[PDB]
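K.L.:
Provided herewith: work_11.tsv, TSV, N, CA and C atoms.
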```
chain	number	residue	atom	x	y	z
A	1	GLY	N	74.46	27.05	57.32
A	1	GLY	CA	74.43	26.81	55.86
A	1	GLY	C	73.28	25.91	55.42
A	2	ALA	N	72.25	25.79	56.27
A	2	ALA	CA	71.06	24.97	56.00
A	2	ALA	C	69.80	25.72	56.44
A	3	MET	N	69.47	26.80	55.71
A	3	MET	CA	68.24	27.59	55.95
A	3	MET	C	67.00	26.80	55.49
A	4	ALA	N	66.90	26.60	54.17
A	4	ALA	CA	65.76	25.92	53.54
A	4	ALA	C	66.28	25.04	52.41
A	5	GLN	N	66.20	23.72	52.61
A	5	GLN	CA	66.74	22.70	51.69
A	5	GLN	C	65.67	21.63	51.44
A	6	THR	N	65.78	20.90	50.31
A	6	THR	CA	64.99	19.68	50.08
A	6	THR	C	65.56	18.56	50.97
A	7	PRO	N	64.70	17.79	51.70
A	7	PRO	CA	65.14	16.64	52.55
A	7	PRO	C	66.02	15.61	51.79
A	8	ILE	N	67.35	15.78	51.92
A	8	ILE	CA	68.36	14.88	51.33
A	8	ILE	C	68.75	13.83	52.39
A	9	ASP	N	67.90	12.82	52.52
A	9	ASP	CA	68.15	11.65	53.39
A	9	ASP	C	68.73	10.52	52.55
A	10	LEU	N	68.15	10.38	51.34
A	10	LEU	CA	68.53	9.36	50.36
A	10	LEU	C	68.25	7.95	50.90
A	11	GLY	N	66.95	7.61	51.01
A	11	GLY	CA	66.53	6.27	51.43
A	11	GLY	C	65.17	6.26	52.11
A	12	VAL	N	65.03	5.35	53.08
A	12	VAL	CA	63.77	5.04	53.78
A	12	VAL	C	63.35	6.18	54.74
A	13	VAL	N	64.34	6.78	55.43
A	13	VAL	CA	64.13	7.86	56.43
A	13	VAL	C	63.33	9.05	55.84
A	14	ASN	N	63.61	9.31	54.54
A	14	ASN	CA	63.05	10.45	53.79
A	14	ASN	C	61.51	10.45	53.82
A	15	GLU	N	60.88	9.24	53.97
A	15	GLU	CA	59.41	9.06	54.00
A	15	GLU	C	58.70	9.99	55.00
A	16	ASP	N	59.36	10.29	56.14
A	16	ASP	CA	58.79	11.20	57.16
A	16	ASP	C	58.65	12.61	56.58
A	17	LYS	N	59.77	13.12	56.06
A	17	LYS	CA	59.88	14.49	55.52
A	17	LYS	C	59.08	14.64	54.21
A	18	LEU	N	58.89	13.50	53.49
A	18	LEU	CA	58.08	13.42	52.25
A	18	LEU	C	56.63	13.85	52.49
A	19	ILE	N	56.16	13.74	53.76
A	19	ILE	CA	54.79	14.13	54.15
A	19	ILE	C	54.54	15.61	53.74
A	20	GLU	N	55.61	16.44	53.88
A	20	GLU	CA	55.61	17.84	53.45
A	20	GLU	C	56.03	17.95	51.97
A	21	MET	N	57.24	17.41	51.64
A	21	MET	CA	57.95	17.73	50.37
A	21	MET	C	57.16	17.33	49.12
A	22	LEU	N	56.53	16.13	49.14
A	22	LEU	CA	55.79	15.61	47.98
A	22	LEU	C	54.64	16.58	47.61
A	23	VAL	N	53.73	16.78	48.59
A	23	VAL	CA	52.56	17.68	48.47
A	23	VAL	C	53.00	19.11	48.08
A	24	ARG	N	54.07	19.58	48.75
A	24	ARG	CA	54.70	20.90	48.54
A	24	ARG	C	55.09	21.11	47.06
A	25	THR	N	55.64	20.05	46.44
A	25	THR	CA	56.20	20.12	45.08
A	25	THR	C	55.07	19.96	44.03
A	26	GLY	N	53.87	19.56	44.51
A	26	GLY	CA	52.71	19.35	43.65
A	26	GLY	C	52.67	17.95	43.05
A	27	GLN	N	53.46	17.02	43.64
A	27	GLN	CA	53.53	15.62	43.18
A	27	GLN	C	52.21	14.88	43.49
A	28	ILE	N	51.66	15.18	44.68
A	28	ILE	CA	50.43	14.55	45.19
A	28	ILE	C	49.57	15.62	45.90
A	29	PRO	N	48.19	15.58	45.78
A	29	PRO	CA	47.28	16.54	46.48
A	29	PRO	C	47.45	16.59	48.01
A	30	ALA	N	46.93	17.68	48.61
A	30	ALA	CA	46.95	17.91	50.07
A	30	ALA	C	46.15	16.83	50.80
A	31	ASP	N	45.06	16.39	50.16
A	31	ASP	CA	44.29	15.21	50.57
A	31	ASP	C	45.06	13.95	50.18
A	32	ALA	N	46.04	13.59	51.00
A	32	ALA	CA	46.86	12.40	50.78
A	32	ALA	C	47.21	11.71	52.12
A	33	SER	N	46.53	10.59	52.41
A	33	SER	CA	46.84	9.71	53.56
A	33	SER	C	48.00	8.76	53.19
A	34	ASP	N	48.39	7.86	54.12
A	34	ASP	CA	49.42	6.82	53.85
A	34	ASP	C	48.96	5.83	52.76
A	35	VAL	N	47.63	5.75	52.55
A	35	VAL	CA	47.01	5.05	51.41
A	35	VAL	C	47.48	5.68	50.07
A	36	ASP	N	47.51	7.02	50.05
A	36	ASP	CA	47.85	7.80	48.84
A	36	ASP	C	49.37	8.01	48.75
A	37	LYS	N	50.04	7.97	49.91
A	37	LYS	CA	51.49	8.22	50.06
A	37	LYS	C	52.31	7.33	49.11
A	38	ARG	N	51.90	6.05	48.99
A	38	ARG	CA	52.54	5.07	48.09
A	38	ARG	C	52.61	5.59	46.65
A	39	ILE	N	51.52	6.25	46.20
A	39	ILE	CA	51.38	6.76	44.82
A	39	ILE	C	52.52	7.74	44.50
A	40	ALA	N	52.72	8.69	45.42
A	40	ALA	CA	53.73	9.74	45.28
A	40	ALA	C	55.14	9.23	45.59
A	41	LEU	N	55.25	8.21	46.47
A	41	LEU	CA	56.54	7.66	46.93
A	41	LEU	C	57.20	6.89	45.75
A	42	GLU	N	56.42	5.95	45.19
A	42	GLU	CA	56.81	5.11	44.04
A	42	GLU	C	57.21	5.98	42.84
A	43	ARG	N	56.37	7.00	42.55
A	43	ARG	CA	56.62	7.99	41.50
A	43	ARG	C	57.91	8.78	41.78
A	44	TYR	N	58.04	9.27	43.02
A	44	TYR	CA	59.17	10.11	43.47
A	44	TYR	C	60.52	9.45	43.15
A	45	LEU	N	60.70	8.23	43.68
A	45	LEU	CA	61.98	7.51	43.63
A	45	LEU	C	62.34	7.12	42.19
A	46	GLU	N	61.30	6.84	41.39
A	46	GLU	CA	61.45	6.39	40.01
A	46	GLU	C	61.80	7.57	39.09
A	47	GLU	N	61.17	8.73	39.30
A	47	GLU	CA	61.43	9.94	38.49
A	47	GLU	C	62.85	10.50	38.80
A	48	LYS	N	63.34	10.19	40.02
A	48	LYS	CA	64.72	10.48	40.44
A	48	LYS	C	65.78	9.74	39.59
A	49	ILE	N	65.37	8.68	38.83
A	49	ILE	CA	66.29	7.96	37.90
A	49	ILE	C	66.88	8.93	36.83
A	50	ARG	N	66.13	10.03	36.52
A	50	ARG	CA	66.60	11.05	35.54
A	50	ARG	C	67.75	11.89	36.13
A	51	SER	N	67.88	11.88	37.47
A	51	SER	CA	68.93	12.61	38.20
A	51	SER	C	69.92	11.66	38.93
A	52	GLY	N	69.58	10.35	38.99
A	52	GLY	CA	70.43	9.32	39.62
A	52	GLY	C	69.74	8.61	40.80
A	53	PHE	N	68.98	7.53	40.52
A	53	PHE	CA	68.38	6.64	41.55
A	53	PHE	C	68.18	5.23	40.91
A	54	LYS	N	66.94	4.97	40.41
A	54	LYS	CA	66.50	3.73	39.73
A	54	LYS	C	64.97	3.82	39.55
A	55	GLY	N	64.36	2.79	38.95
A	55	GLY	CA	62.90	2.74	38.77
A	55	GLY	C	62.23	1.67	39.63
A	56	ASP	N	61.66	0.65	38.95
A	56	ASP	CA	61.02	-0.56	39.56
A	56	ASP	C	59.61	-0.28	40.10
A	57	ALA	N	59.13	0.96	39.99
A	57	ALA	CA	57.78	1.33	40.44
A	57	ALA	C	56.75	1.09	39.32
A	58	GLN	N	56.75	2.00	38.33
A	58	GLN	CA	55.88	1.97	37.14
A	58	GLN	C	54.39	2.04	37.54
A	59	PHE	N	54.14	2.72	38.68
A	59	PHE	CA	52.80	2.88	39.25
A	59	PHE	C	52.68	4.25	39.94
A	60	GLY	N	51.49	4.82	39.76
A	60	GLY	CA	51.07	6.08	40.34
A	60	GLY	C	49.64	6.36	39.89
A	61	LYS	N	48.67	5.98	40.75
A	61	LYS	CA	47.21	6.09	40.47
A	61	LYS	C	46.87	7.51	39.97
A	62	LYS	N	46.12	7.57	38.84
A	62	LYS	CA	45.77	8.80	38.12
A	62	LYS	C	45.05	9.81	39.04
A	63	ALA	N	45.86	10.73	39.61
A	63	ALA	CA	45.38	11.78	40.52
A	63	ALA	C	44.73	12.92	39.72
A	64	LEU	N	45.47	13.42	38.71
A	64	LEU	CA	45.01	14.52	37.84
A	64	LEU	C	43.84	14.01	36.97
A	65	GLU	N	44.12	12.92	36.21
A	65	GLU	CA	43.18	12.22	35.29
A	65	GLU	C	42.32	13.20	34.44
A	66	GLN	N	42.95	14.31	34.02
A	66	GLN	CA	42.29	15.40	33.28
A	66	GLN	C	42.32	15.17	31.77
A	67	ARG	N	41.56	16.01	31.06
A	67	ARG	CA	41.47	16.03	29.59
A	67	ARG	C	42.70	16.73	28.97
A	68	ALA	N	42.95	16.44	27.67
A	68	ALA	CA	44.07	17.03	26.91
A	68	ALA	C	43.85	16.81	25.39
A	69	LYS	N	43.19	17.81	24.74
A	69	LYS	CA	42.99	17.87	23.27
A	69	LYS	C	42.31	19.20	22.90
A	70	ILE	N	42.74	19.81	21.79
A	70	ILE	CA	42.13	21.04	21.25
A	70	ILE	C	41.71	20.80	19.77
A	71	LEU	N	40.54	21.34	19.39
A	71	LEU	CA	39.94	21.15	18.06
A	71	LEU	C	39.04	22.35	17.69
A	72	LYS	N	38.50	22.33	16.44
A	72	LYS	CA	37.59	23.36	15.86
A	72	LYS	C	38.35	24.66	15.51
A	73	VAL	N	38.92	25.32	16.54
A	73	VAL	CA	39.67	26.58	16.39
A	73	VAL	C	41.12	26.34	15.87
A	74	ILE	N	41.46	25.08	15.56
A	74	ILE	CA	42.72	24.73	14.88
A	74	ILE	C	42.59	25.11	13.38
A	75	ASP	N	42.95	26.37	13.08
A	75	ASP	CA	42.79	26.96	11.74
A	75	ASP	C	43.65	28.23	11.62
A	76	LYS	N	44.04	28.53	10.38
A	76	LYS	CA	44.82	29.73	10.03
A	76	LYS	C	43.89	30.86	9.54
A	77	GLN	N	44.34	32.12	9.63
A	77	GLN	CA	43.60	33.29	9.11
A	77	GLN	C	44.25	33.80	7.81
A	78	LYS	N	43.57	34.73	7.12
A	78	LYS	CA	44.10	35.39	5.92
A	78	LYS	C	43.66	36.86	5.94
A	79	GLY	N	44.55	37.73	6.44
A	79	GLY	CA	44.33	39.18	6.44
A	79	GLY	C	44.94	39.84	5.21
A	80	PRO	N	45.71	40.97	5.37
A	80	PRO	CA	46.41	41.63	4.23
A	80	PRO	C	47.67	40.84	3.78
A	81	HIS	N	48.34	41.34	2.72
A	81	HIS	CA	49.49	40.66	2.09
A	81	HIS	C	50.41	41.69	1.39
A	82	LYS	N	49.78	42.55	0.57
A	82	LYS	CA	50.46	43.52	-0.31
A	82	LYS	C	49.37	44.32	-1.05
A	83	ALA	N	49.27	45.62	-0.75
A	83	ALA	CA	48.29	46.53	-1.38
A	83	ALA	C	48.86	47.05	-2.72
A	84	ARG	N	49.93	47.87	-2.62
A	84	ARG	CA	50.62	48.45	-3.79
A	84	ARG	C	52.04	47.83	-3.88
```
Since I need it in another form, could you write the structure as structure tokens?

P.N.:
Amino acid sequence: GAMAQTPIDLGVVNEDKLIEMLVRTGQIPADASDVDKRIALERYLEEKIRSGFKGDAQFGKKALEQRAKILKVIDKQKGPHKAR
């Protein structure tokens, strides 16, 4: 009854299996050493507060750090309405 599951260790032990699961879920890039592991670990446990854990992290170095805004083409058109 355990084919393929998320590592449910619930604590410190989970850090081993997190080497796969974090990167797998897209939480942290494939280029992630134990230097980078902290970023995804702190984030992981804290975001789990929405499902039942706690926070106390409030840190996760900007991995994506991408742009987010659209302009110029923000406008409506005016085609037909009523001929006859």

K.L.:
State, in Å with one decimal place, the distance from atom CA of residue A:33 to atom N of residue A:14.

P.N.:
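Separation between atom CA of residue A:33 and atom N of residue A:14: 16.8 Å.
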
K.L.:
Which of these residues is nearest to residue A:40, using all atoms listed in the file: A:7, A:60, A:55, A:1?

P.N.:
A:60

K.L.:
When DSSP works through the backbone of this structure, what residues of chain A end up as alpha helix (DSSP H), shown as a PyMOL selection string?

P.N.:
chain A and resi 14-25+34-47

K.L.:
Take the selection from the previous step and output its residues with N, CA and C atoms, as a compact mmCIF listing (two decimals), in the frame of the given file.

P.N.:
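This is the output file selection-v9.txt:
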```
# COMPACT_ATOMS: atom_id res chain seq x y z
N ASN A 14 63.61 9.31 54.54
CA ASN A 14 63.05 10.45 53.79
C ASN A 14 61.51 10.45 53.82
N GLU A 15 60.88 9.24 53.97
CA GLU A 15 59.41 9.06 54.00
C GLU A 15 58.70 9.99 55.00
N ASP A 16 59.36 10.29 56.14
CA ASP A 16 58.79 11.20 57.16
C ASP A 16 58.65 12.61 56.58
N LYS A 17 59.77 13.12 56.06
CA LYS A 17 59.88 14.49 55.52
C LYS A 17 59.08 14.64 54.21
N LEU A 18 58.89 13.50 53.49
CA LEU A 18 58.08 13.42 52.25
C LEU A 18 56.63 13.85 52.49
N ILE A 19 56.16 13.74 53.76
CA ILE A 19 54.79 14.13 54.15
C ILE A 19 54.54 15.61 53.74
N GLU A 20 55.61 16.44 53.88
CA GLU A 20 55.61 17.84 53.45
C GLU A 20 56.03 17.95 51.97
N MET A 21 57.24 17.41 51.64
CA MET A 21 57.95 17.73 50.37
C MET A 21 57.16 17.33 49.12
N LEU A 22 56.53 16.13 49.14
CA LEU A 22 55.79 15.61 47.98
C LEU A 22 54.64 16.58 47.61
N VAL A 23 53.73 16.78 48.59
CA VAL A 23 52.56 17.68 48.47
C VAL A 23 53.00 19.11 48.08
N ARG A 24 54.07 19.58 48.75
CA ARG A 24 54.70 20.90 48.54
C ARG A 24 55.09 21.11 47.06
N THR A 25 55.64 20.05 46.44
CA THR A 25 56.20 20.12 45.08
C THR A 25 55.07 19.96 44.03
N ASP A 34 48.39 7.86 54.12
CA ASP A 34 49.42 6.82 53.85
C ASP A 34 48.96 5.83 52.76
N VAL A 35 47.63 5.75 52.55
CA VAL A 35 47.01 5.05 51.41
C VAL A 35 47.48 5.68 50.07
N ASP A 36 47.51 7.02 50.05
CA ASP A 36 47.85 7.80 48.84
C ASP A 36 49.37 8.01 48.75
N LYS A 37 50.04 7.97 49.91
CA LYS A 37 51.49 8.22 50.06
C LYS A 37 52.31 7.33 49.11
N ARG A 38 51.90 6.05 48.99
CA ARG A 38 52.54 5.07 48.09
C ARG A 38 52.61 5.59 46.65
N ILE A 39 51.52 6.25 46.20
CA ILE A 39 51.38 6.76 44.82
C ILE A 39 52.52 7.74 44.50
N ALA A 40 52.72 8.69 45.42
CA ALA A 40 53.73 9.74 45.28
C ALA A 40 55.14 9.23 45.59
N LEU A 41 55.25 8.21 46.47
CA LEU A 41 56.54 7.66 46.93
C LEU A 41 57.20 6.89 45.75
N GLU A 42 56.42 5.95 45.19
CA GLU A 42 56.81 5.11 44.04
C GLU A 42 57.21 5.98 42.84
N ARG A 43 56.37 7.00 42.55
CA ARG A 43 56.62 7.99 41.50
C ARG A 43 57.91 8.78 41.78
N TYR A 44 58.04 9.27 43.02
CA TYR A 44 59.17 10.11 43.47
C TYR A 44 60.52 9.45 43.15
N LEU A 45 60.70 8.23 43.68
CA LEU A 45 61.98 7.51 43.63
C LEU A 45 62.34 7.12 42.19
N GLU A 46 61.30 6.84 41.39
CA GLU A 46 61.45 6.39 40.01
C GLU A 46 61.80 7.57 39.09
N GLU A 47 61.17 8.73 39.30
CA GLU A 47 61.43 9.94 38.49
C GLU A 47 62.85 10.50 38.80
```
